Amino acid sequence: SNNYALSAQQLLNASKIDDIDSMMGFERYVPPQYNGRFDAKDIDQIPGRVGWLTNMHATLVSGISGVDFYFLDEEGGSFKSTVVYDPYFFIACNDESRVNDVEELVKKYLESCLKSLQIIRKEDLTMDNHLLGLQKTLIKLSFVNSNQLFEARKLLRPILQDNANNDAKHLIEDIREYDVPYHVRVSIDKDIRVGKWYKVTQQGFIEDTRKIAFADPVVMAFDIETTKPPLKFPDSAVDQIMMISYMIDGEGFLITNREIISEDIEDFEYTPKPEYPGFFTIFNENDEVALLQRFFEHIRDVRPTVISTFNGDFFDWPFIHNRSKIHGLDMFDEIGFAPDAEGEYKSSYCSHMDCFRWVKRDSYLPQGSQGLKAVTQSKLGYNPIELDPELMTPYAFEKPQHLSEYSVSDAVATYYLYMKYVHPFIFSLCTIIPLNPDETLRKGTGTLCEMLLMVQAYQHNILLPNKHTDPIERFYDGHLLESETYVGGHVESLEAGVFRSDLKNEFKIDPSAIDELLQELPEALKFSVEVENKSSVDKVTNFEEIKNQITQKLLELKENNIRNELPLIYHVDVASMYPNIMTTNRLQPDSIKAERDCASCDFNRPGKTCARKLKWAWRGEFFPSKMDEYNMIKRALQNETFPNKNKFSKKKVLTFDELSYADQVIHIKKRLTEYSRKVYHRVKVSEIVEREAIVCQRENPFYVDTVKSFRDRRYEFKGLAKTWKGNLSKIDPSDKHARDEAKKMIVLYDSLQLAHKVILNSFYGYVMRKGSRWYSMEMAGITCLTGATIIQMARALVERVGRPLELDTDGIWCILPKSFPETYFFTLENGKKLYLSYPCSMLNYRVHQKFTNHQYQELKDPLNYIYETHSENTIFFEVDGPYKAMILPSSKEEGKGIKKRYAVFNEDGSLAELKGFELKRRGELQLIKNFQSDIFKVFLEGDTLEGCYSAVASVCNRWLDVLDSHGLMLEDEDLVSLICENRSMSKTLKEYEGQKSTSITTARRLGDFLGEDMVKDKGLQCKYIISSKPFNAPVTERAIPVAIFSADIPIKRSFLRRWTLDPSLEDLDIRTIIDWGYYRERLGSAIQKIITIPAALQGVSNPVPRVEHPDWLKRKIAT
DNA sequence: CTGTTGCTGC
DNA sequence: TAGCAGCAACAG
Ligand code: SF4
């Protein structure tokens, strides 16, 4: 009864969606009957209608499961069409001789929900000898809809649990493919993809290629301005919407609520650049309900198939929907928008493109630059208008024109952020990923890898693995593992200092490294022609000229091996390092074989070449307790009694063995933490064990073929990109002469390039995606250890011919002598020039001689299972630079460097890279950010090293004066701003219980002072100052929310008194509250790491005497 | 000395 | 629902 009721409820929701879709122009098109011969070559005679699939969703049709497909379509404004398809999954059998006994059992056991059954065959890469065409026999179960499929899973799961813990029932091994989403199933099984064009026909969807450009959907982008209380956040229960700003296809609009906005706003232009027009037409509406009705009316009129917002999943749409509910409007019946199971806002016809999702995932912006202004500055390259949130509600009455200018600025910023970056990126991803735009924007990158691998496995008739479930506990040497992993990317900080293209450095070249390079030179130059440039040496007219020029420079560096000359500042980095290690070594999770599976394989003979053995470094963190002590703790817990977690059970108490195995292990881990601390005084030993695994080269190539093929398609688009770049400049300059179609397609191929790029680097990660399928914790360890070995080999050469400064995973930063052999050009007989970078090609040659896979096997004849063996290697360094300067900081500790922080400057004086520093990080003490933001460029001043340290000393002394002067030389608003430290709490304050930190204390005090609403959401920005005047107290106990300094005087007083424990305090000036010694020590630290200690290591005497060296360093300097 | 956590690395 | 290595503040 409940399943019919649920199917009727789903049909009633599907009818409401059909009514809404028809209101928005998405009438359900059914194609004409065509009894002719189906050939996709004669598509124009083929019947029905061609369209580009813009939006797809799972539906229930008169219920039968189907997918509705929404076609921005060519020509048309839009039309939907439906594909019906039976939901299915598989049963696996342990004995293939008795499949018919299992078939009869499941027909009779699933009769209440099963539509049909069929025996099929699939390749299973875990089956012994599948590489001979042996396929696993499977029972396909098909259903009328997804609800009946879910009931069959509820009936089968008890049999699998009985079989695993304790007759044709015991022949059921597992259920396979039971957890594929239904729209993803239809998209894979029919090869239909959003962003791709299709002709909708009776037989299904036929992809079209004569059309690579996207259609132009109607794109709306909006933002909302709300009332708020002072120092608090707008509450949709009490606060009103003041204005809604939006853009539609490049026209601007503003709706204003005249209960709140004091004047009628006139039509105006906000064009922040000539490439971002914004003409705003104004709707001055009488009240908040007229504002909401106008907004819903205008959405129905223009029929947007995309609505974009900035963070509107979590502010804008929640606010509009709650205000609509207060006024008795149903936003779902008005415009088709509702919150989903995640609380994100979605419709059928229109995709919701929250730009903040792309900003968080894909923009590559650090979390400190992920707010709208900093995204606009970093992507659109202008400053939007900026208003203080505390001035918004006053300015609705005092200056509403300046509030409307701010609101239209955030609509313009959101619209052009969407159209220049999010739109081309997401629809390009949809052309390859079996997901709609909303899922393609919002799912994690490792889920996008899962979908691509599921397409490729399906196309090769491979059986999908079930999702990996982490074991609840594991043991190593009788110790309970807290966690296991591998040794990841290798990282070194070798030197610290300022390095400049115009300042001299000492070099001590190893003459034996130059002898190796002179002996390798002929084959390294041949390798650069044949492998890097894919040409033949016979075509190169000047090969011996370039060889002799490099030979002379090398001989001069061998004879004069101790030099003091200018540097060349270079970065050498491995192109797509982990993907290229994976393709080179044929690394997948489809091959890592045990000695058993390798022994069971008919290709395992004397002389076998196909078993490539590779090393990895496993890392345990396990409890110091042994298996006897674990068993003693388990026996102790078996005598205890536990509360029943299931509120629906009348049984309030359970024994240990009546708990779930996950709950048993949670209780074991708790008592083991106490026992380990009591007996061993310490908690998590860590150990690194080098392990070996067997990489099959003969195993079915579907994973690696996806990677090779994807890599080549990306290279393809980089090439096409370059050809298009030539096309965009070769031609005439009449910009409007039907060549703006050519430039959008340039953005498009760039976007498909960036798309394959993210997909590849993701495959590289996905493979450690806990809970994902095709997981391969090993494979990941081999990839990292192979990479660590490559980069240490490269460093060990660069250290012998120059000085490596920093090493991070795939990249080495180094200085070479300015006399070093650098860039050259080979001349072909056809007058074309090939590029040579000798510092790059000398590394690439050594990578190819040491890391090539001479065991790579590929299947030449699929009928006879004949494999060819060849030599594969795709691991190349690229070179970036040279540079004008590089500045590396040093640690406060003796003999230690700082990794992952540096600044680099281009020849033109501009900043090329800034890594890691507080300036870039979200949050952080603002004084430190403003400091770093002053100092780095000042390293380009002076003519000597000492003059350069002097110029930066002076900036240090300016900043030290501000703190020694206790800020007096500073405006009071500017002071609060500078001394503020801002830190995000990733959760809510409740979830931090028994922890301490400045954020926690700031949040608690904000709560007490401004109310519990302040801390109910996650992501709270805790802005605080550290207190103290002539005394002292605990750090995390001394964070004061800077907001208190804007409270009414009696409030401020009561709280600062509490927080400082001073009943009788009268002085409420921030300046007497602040702990100046704390801030001088934080700034001192920065000055040490970036300026004084590195100065010392370059033998320059303390350029900032007001900051004293630590003792070890003072001591260092005695002779 | 370790261990926790935020935001970066690359 | 991608991974590991690292800086550094603050507690113990
Ligand atoms: S190494 Fe050869 S014999 Fe062993 S599992 Fe792989 S393909 Fe089969």
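What counts as what
- Residues numbered from 1 in each chain as written, not as in the entry; some residues may be left out.
- Chains lettered and ligands numbered in written order.
- Heavy atoms only, no water.
- Residues with missing side-chain atoms left out of burial classes, pairs and counts.
- Pairing = 2+ DSSP bridges.
- Helix = DSSP H or I, 4+ residues; strand = E, 2+ residues; numbered from the N terminus.
- Contact = heavy atoms within 4.5 Å.
- Axes fitted to C-alpha atoms, helices over the stretch in contact; angles between N-to-C directions.
- Core = buried A, V, L, I, M, F, W, Y, C linked by side-chain atoms within 4.5 Å.
- Buried < 20%, exposed > 50% of the residue type's maximum accessible area, 1.4 Å probe, protein only.
- Near = heavy atom within 4 Å.
- Nonpolar A, V, L, I, M, F, W, Y, C, P; charged D, E, K, R; others polar.
- Parallel < 35°, antiparallel > 145°, perpendicular 65-115°, else oblique.
- Left-handed = near helix turned anticlockwise from the far one by under 90°.
- Polar contact = N/O pair within 3.5 Å; in protein donor to acceptor, adjacent residues only side chain to side chain.
- Salt bridge = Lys/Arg side-chain N within 4 Å of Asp/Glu carboxyl O.
- Domains from an automatic or database assignment.
- Buried area = accessible area lost by both parts, 1.4 Å probe.
- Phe/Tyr/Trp six-rings, centres within 6.5 Å; stacked < 30°, edge-to-face > 60°.
- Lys NZ or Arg CZ within 6 Å of the ring centre and 35° of its normal.
- Expected span 1.5 Å × (residues − 1).

The record lists cryo-EM as the method behind this PDB entry and 3.5 Å as its resolution.

J.: Would you mind showing me how to read the sheet that holds strand β43 (residues 1039-1041) here?
T.: One key point about sheets: their strands pair by backbone hydrogen bonds, in either a parallel or an antiparallel sense. Strand order in the open sheet formed by 4 strands is β40-β41-β42-β43, with antiparallel pairing between adjacent strands. In this open sheet, the two edge strands, each paired with only one partner strand, are β40 (924-925) and β43. Of the strands in this sheet, β40, β41 (981-984) and β42 (1021-1026) are in contact with helix α30 (residues 1076-1097), which crosses β42 at around 110 degrees.

J.: Could you clarify how one ought to interpret the nonpolar core in this entry?
T.: In globular proteins that are soluble, nonpolar side chains generally tend to be buried together. Judged by nonpolar contacts, the single largest core of 139 residues is most densely connected at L403, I550, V801, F826 and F877. Among the elements that make up this core, the one with the highest residue count is helix α11 (residues 400-430) (15 residues). The residues touching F877, leaving out its near neighbours within four places in the chain, are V572, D573, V574, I790, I791, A794, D810, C840, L843, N844 and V847.

J.: Just checking my understanding: could you explain the site of the ligand for this structure?
T.: Taken together, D597, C598, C601, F603, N604, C610, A611, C696 and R698 form the complete shell of residues around the ligand. Per-class residue counts for the shell around the ligand are 6 nonpolar, 1 polar and 2 charged.

J.: Would you mind showing me how to read the packing of helix α20 (residues 703-730) against helix α21 (residues 740-766) here?
T.: Angle between the axes and distance between the axes are the two parameters that describe a pair of packed helices. For the pair α20 and α21, the least separation of the axes is 9 Å and the interaxial angle reads 155 degrees. Classified by the angle between their axes, α20 and α21 sit roughly antiparallel to one another. When the axes of α20 and α21 are compared, the crossing they make is left-handed. Packed against α20, whose contacting residues are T706, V707, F710, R711, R713, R714, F717, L720, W724 and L728, the element α21 presents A742, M745, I746, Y749, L752, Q753, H756, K757, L760 and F763 at the interface.

J.: Is there a simple way to think about the side chain of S409 in this case?
T.: Relative to the assigned elements, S409 resides in helix α11. Engagement of the side chain of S409 in a polar contact is seen with the backbone nitrogen of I385, the distance being 3.1 Å. Filtering out sequence-adjacent residues up to four positions away, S409 remains in contact with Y270, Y382, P384 and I385.

J.: Looking at this structure, I do not really get unusual backbone geometry. What am I missing?
T.: Peptide bonds are mostly trans, and most non-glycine residues show a negative phi. A cis geometry characterises the amide bond from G881 onward to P882, with omega recorded as 5 degrees. Looking at the element boundaries, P882 is found in the loop between β36 (877-880) and β37 (885-888). In the Ramachandran plot, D191 falls in the positive-phi region, its phi being about 50 degrees despite a non-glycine side chain. Turning to its location among the elements, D191 is positioned in the loop between α4 (182-189) and β8 (197-201). Even without being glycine, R586 reaches a positive phi, approximately 55 degrees.

J.: I keep staring at the protein's contact with DNA strand B and nothing clicks. Help me out?
T.: Within the structure, DNA strand B sits among 17 residues, and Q367, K684, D808, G916 and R921 are positioned closest to it. At the protein interface, 87% of the atoms of DNA strand B within 4 Å belong to sugar or phosphate. Between DNA strand B and the protein, one listed contact pairs a phosphate oxygen with a backbone N or O atom of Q367 at 2.7 Å. Contact distances for DNA strand B include 2.6 Å between a sugar or linking oxygen and a side-chain N or O atom of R921. Across the surface near DNA strand B, the residue classes tally to 3 nonpolar, 7 polar and 7 charged.

J.: Even after reading the chapter, I still don't get the pattern of salt bridges, so can you show me in this structure?
T.: When charged atoms on two side chains of opposite charge get close, those side chains can pair. Tallied over the entire structure, the rule returns 71 salt bridges. The residue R800 makes a salt bridge to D510 at a minimum N-O spacing of 2.8 Å. Of the two residues, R800 is situated in helix α22 (residues 777-801) and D510 in the loop between β23 (505-508) and α14 (511-532); the sequence distance between them amounts to 290 residues. With relative accessibility at 24%, the residue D510 sits in the partly exposed group. Counted as one network, the salt bridges with shared partners bring together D313, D340, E344, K346, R357, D438 and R442.

J.: I would appreciate a short explanation of the protein's contact with DNA strand C in the present structure.
T.: Around DNA strand C lies a shell of 25 residues, among which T445, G488, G489, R619 and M768 are the nearest. Sugar and phosphate atoms constitute 83% of the interface atoms of DNA strand C, taking the interface as everything within 4 Å of the protein. At a separation of 3.1 Å, a sugar or linking oxygen of DNA strand C approaches a polar backbone atom of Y486. Within the backbone of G488, a nitrogen or oxygen atom sits 2.4 Å from a sugar or linking oxygen of DNA strand C. Residue assignment for the surface near DNA strand C shows that the elements contributing at least two residues are α13 (445-459), β20 (479-486), α21 and α30. If one sorts the elements of the surface near DNA strand C by residue count, α13 sits on top with 3 residues.

J.: Got a minute to help me understand the environment of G1099 in this structure?
T.: Turning to its location among the elements, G1099 is positioned in the loop between α30 and α31 (1111-1116). For the pair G1099 and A951, spaced 148 residues apart in sequence, the C-alpha to C-alpha distance is 17 Å.

J.: Before we go on, may I ask you to explain the domain arrangement of chain A in this structure?
T.: Size of an interface, as often reported, equals the accessible area lost when the parts are brought together. Examined at the domain level, chain A breaks down into domain 1 (2-80 + 193-205), domain 2 (88-189), domain 3 (219-426) and domain 4 (920-1113). Inter-centroid distance (C-alpha atoms) of domain 1 to domain 2 is 30 Å. Summing the contributions of domain 1 and of domain 2, the shared interface buries around 960 Å²; its carbon and sulfur component is 51%. At the surface where domain 1 touches domain 2, the tally comes to 0 salt bridges. Run the count over domain 1 and domain 2 and you get 7 residue pairs in polar contact. Those elements giving two or more residues to the side of domain 1 that touches domain 2 turn out to be α1 (2-23), β1 (49-61) and β2 (64-71).

J.: In this structure, what is going on with the packing of aromatic side chains? I would like to understand it.
T.: To describe a pair of aromatic rings, one takes the distance between the centres and the angle between the planes. Using the criterion set out here, one finds 48 aromatic pairs in the structure. Consider the rings of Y276 and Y382, whose centres lie 5.7 Å apart with planes at 45 degrees: the pair is tilted. Taken as a pair, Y276 in the loop between β13 (268-269) and β14 (279-285) and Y382 in the loop between α9 (372-380) and α10 (389-398) lie far apart in primary sequence, 106 residues in all. Grouped by ring-pair contacts, the aromatic residues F222, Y246, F253, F283, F295, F296, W317, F337 and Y345 constitute a single cluster. Over the face of the ring belonging to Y421 we find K379, whose NZ or CZ atom lies 5.8 Å from the ring centre. Over the ring of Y856 we find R586; its NZ or CZ atom is 5.4 Å from the centre of that ring.

J.: Which parts of the structure should I look at to understand the environment of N853?
T.: In this structure, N853 sits in strand β34 (residues 853-861). In sequence terms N853 and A413 are 440 residues apart; their C-alpha atoms lie 50 Å from each other. Among the polar contacts made by the side chain of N853, one reaches the side chain of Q697 at a distance of 3.2 Å. Here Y856 takes part through its backbone nitrogen, which lies 3.5 Å from a polar atom of the side chain of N853.

J.: Is there a simple way to explain helix α23 (residues 838-851) in this structure?
T.: Helical geometry: 3.6 residues make up each α-helical turn, so side chains three or four residues apart lie on a common side. The end-to-end C-alpha distance of α23, which contains 14 residues, comes to 20 Å, matching closely the 20 Å that a straight helix rising 1.5 Å per residue would cover. Most of α23 is tucked away: 12 of the 14 residues are buried. Where α23 is concerned, the buried positions are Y838, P839, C840, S841, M842, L843, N844, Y845, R846, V847, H848 and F851.

J.: Even after reading the chapter, I still don't get the packing of helix α16 (residues 577-584) against α21, so can you show me in this structure?
T.: The interhelical angle for the contact between α16 and α21, taken along N-to-C directions, is 70 degrees, at an axis separation of 8 Å. On the basis of the axis angle, α16 is roughly perpendicular to α21. Together, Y578, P579 and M582 of α16 and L760, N761 and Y764 of α21 make up the contact between the two elements.

J.: Sorry if this is basic, but what is going on with the sheet that holds strand β22 (residues 497-500) here?
T.: Read from one edge of the open sheet, 4 strands run β22-β37-β38-β39, paired in antiparallel fashion. The open sheet terminates on both sides in strands that have one partner only, identified here as β22 and β39 (911-915). The average angle at which neighbouring strand axes cross in this sheet is 5 degrees, direction not considered. As paired strands, β37 and strand β38 (residues 902-905) are joined by 3 bridges and run antiparallel to one another. Residue pairing in the sheet places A885 in a bridge with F905 of β38.

J.: When you look at helix α24 (residues 926-935) in this model, what are you seeing that I'm missing?
T.: For α24, the complete set of buried residues consists of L927, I928, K929, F931, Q932 and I935. Where α24 is buried, its residues touch β40, α25 (945-964), α26 (972-979) and α30.

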